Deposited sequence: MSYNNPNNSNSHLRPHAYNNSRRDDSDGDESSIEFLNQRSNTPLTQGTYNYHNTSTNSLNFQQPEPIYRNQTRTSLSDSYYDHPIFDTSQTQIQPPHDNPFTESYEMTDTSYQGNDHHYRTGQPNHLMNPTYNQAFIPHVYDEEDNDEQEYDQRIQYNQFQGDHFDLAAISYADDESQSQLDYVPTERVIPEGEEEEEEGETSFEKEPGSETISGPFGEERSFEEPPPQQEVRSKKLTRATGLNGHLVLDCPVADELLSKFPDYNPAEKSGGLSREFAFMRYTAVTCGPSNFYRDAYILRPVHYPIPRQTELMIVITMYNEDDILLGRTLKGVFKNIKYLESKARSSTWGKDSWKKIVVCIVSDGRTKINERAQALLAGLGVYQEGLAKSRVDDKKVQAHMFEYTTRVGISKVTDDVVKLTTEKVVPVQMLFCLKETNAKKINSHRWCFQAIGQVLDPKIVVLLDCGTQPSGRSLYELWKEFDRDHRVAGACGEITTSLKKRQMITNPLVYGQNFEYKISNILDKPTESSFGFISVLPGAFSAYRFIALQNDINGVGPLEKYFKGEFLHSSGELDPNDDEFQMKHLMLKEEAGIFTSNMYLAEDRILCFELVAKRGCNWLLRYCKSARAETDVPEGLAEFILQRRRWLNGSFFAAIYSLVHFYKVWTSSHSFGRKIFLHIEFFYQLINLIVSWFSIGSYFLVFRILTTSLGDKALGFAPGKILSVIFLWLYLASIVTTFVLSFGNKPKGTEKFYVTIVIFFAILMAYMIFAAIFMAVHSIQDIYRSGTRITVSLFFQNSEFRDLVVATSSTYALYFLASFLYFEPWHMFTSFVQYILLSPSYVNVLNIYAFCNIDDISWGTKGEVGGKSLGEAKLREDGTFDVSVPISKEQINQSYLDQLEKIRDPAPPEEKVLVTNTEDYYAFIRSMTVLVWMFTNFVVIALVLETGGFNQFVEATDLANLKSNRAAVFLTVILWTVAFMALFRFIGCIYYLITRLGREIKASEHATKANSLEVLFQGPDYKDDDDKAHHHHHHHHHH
């Protein structure tokens, strides 16, 4: 088990002086004393772990180690997040005789994750902490910097945590099996907290095994909170913010997920981003996809996701950062300023909005024995509108808007490209669809909520120009939402127009008509099958149907590109045939050539320039084709599945022995039945009276269950989506009854004109959005360079 930039860190660190502070222990005889009336145990760690440390001395009973390094502390929490601070639950960092002030709380969320992912995450965090320690000419960082950093691991589900990750945590010395207790004082234990200052560092993380060693390891404060029952990531975040954060009172809370490995200096970059400008309240870093042992042709999906991530980080994040409002901060890797998230005195704030979703989106069955029964009952009893009851879709995204548009605060959201983190993307198609469901739903709901409540930014204390530019960004987001809502209809219209154009006898392509008909039939079949499977079955079961649909859509996209190229070439040849010389004006006057070629080429050129200026050009070659071929799948399959499954009904449906006869030694059976005449007569009369009366009306008027409400909401949403898309399609191609209002000959010309107008509109809208994003990223680069010079 035990065996270049990192080397620089080791040189600056002495490694000889790591004596811990003395703290009061809890007596353990096996009666044990608990601090403040709570179940607290300070057990000793395995002797071998102590022996590994260089400072260990065989003569010393404990090796001469400090109290913190020698004993691991276990606490059982029964109250829950809401009352954790109210109760006298004291964490070790604040329990020292000299209080320790936290500067950076690194939160890690785990759920049945393999030991490899946790090992990679912990290796990244340890490397970042080592770099922070090694820093010499820093006012805040340097010697004894590890005392200001706390690593919190919140595992979701005691019975769902992977055994190998638990073994890894035990190897760190944080976790011990025997300590955990199910109940205390007839009260259920909601969470189990283990606190330990580990001096064990992960040397390397291979593909199959994890190797940890004690050589050149900086001490790290570890707090491992194991939850008794899984209550989702929102409940995990409630534990992190509402309960632990208040006790620790840290700044710049960093959120991480298992499998995300930050760089060697990324956390320092995030902290510097927060430190330079005091108005910044949230930050995010570039996220990258690993391509170590994945081939270009064997894994098209991975490379498509890589291209998507690179384009996002290069165009979308910089522009939003320039405007000061980021739609989404990646939960996998982001950071928030703690004070900015605090609610107002009135009780309304970003955290309240974020947490309300967990309470509202759940079965209305509250256990009276829970100590949080009053809070949940009050929250559910309150009248909730459409937006409040549907906050669960937005998730973290709501926090960004709530932070920017505060009543009287001046906060901003910023994106830094210096911070980089590597994560693992889902290789399988079913996992990809399941992941994209929530992304799409959250993005749509967040956009709608922000656009509807855009007036809230007026009261915020921002500069007038800042408000004007925020309004410009809101207008851009409105345009993007409108374009995204009509994605499927626009794709179908473009496909139909391009395929039918090949059917014209003017151009010499014979199989055009038959191919167009076959592709239309296959498209309709794929759409219908996708809808049926989305409503009925689970992605993991019927994966092959989705694979076939994706392959068909890739082939169709290839055919569409070929048709567009053929049409453009034919138009150019006709231009030359017409004679009278050729001029650039004539080329730009031809609708076919212009729309089909110029717009797409301009968009590609903008993407290429943006990639080059960021010194990340490879993704424009290695992973472009896969993304282009998969785009129709992105629009159709993912969007259909996301909209059909808006409601996430995780909870199930709903939720005195008469007697016991025991055979005795003899054949007789011991029974207790009525014997007296009086009681039998009384029972008979009671039955007669019970039946001898008319049936009263029920008039239950029960509130009923919430699952019906969310199912209704999802049904209405999908119906409206279908109706609008079909209205647009009927208007463009005269598909419905509109063809009756025209004649045999006028229909063709009118349809052609409408199709041309639609094509030019959509293509130029896409090109203009690309230009907008390009200019935004250019400005981001210029301003970042100028700030760096300063």
item	value
Stretches of the record's deposited sequence for which the structure holds no C-alpha atoms	1-134, 138-145, 172-237, 864-867, 1003-1039
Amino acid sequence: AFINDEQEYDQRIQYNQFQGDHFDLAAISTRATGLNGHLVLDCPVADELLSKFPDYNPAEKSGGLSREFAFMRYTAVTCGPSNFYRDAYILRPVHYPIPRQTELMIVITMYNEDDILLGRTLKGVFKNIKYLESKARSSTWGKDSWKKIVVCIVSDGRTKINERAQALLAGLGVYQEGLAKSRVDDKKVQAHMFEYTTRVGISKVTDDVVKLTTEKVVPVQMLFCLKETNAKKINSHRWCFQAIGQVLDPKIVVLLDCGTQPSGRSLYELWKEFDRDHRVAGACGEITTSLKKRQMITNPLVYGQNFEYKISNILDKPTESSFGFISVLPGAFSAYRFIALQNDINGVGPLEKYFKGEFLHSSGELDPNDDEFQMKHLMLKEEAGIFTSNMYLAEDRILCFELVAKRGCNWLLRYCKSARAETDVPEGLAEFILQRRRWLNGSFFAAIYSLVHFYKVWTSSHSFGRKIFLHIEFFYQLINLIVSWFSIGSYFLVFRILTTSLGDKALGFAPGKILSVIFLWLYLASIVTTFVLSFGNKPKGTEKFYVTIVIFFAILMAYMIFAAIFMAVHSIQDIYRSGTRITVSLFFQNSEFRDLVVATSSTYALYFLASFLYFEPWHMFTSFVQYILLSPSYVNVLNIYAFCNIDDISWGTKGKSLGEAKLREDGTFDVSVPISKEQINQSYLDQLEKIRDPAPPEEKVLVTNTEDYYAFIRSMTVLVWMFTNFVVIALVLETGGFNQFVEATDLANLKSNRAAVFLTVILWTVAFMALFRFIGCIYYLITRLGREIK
From here on, numbers count along this sequence of modelled residues.
{"property": "Other entries modelling both neighbours but not residue 39, at least a third", "result": "no"}
{"property": "Residue 29 unmodelled in at least a third of other compared entries", "result": "yes"}
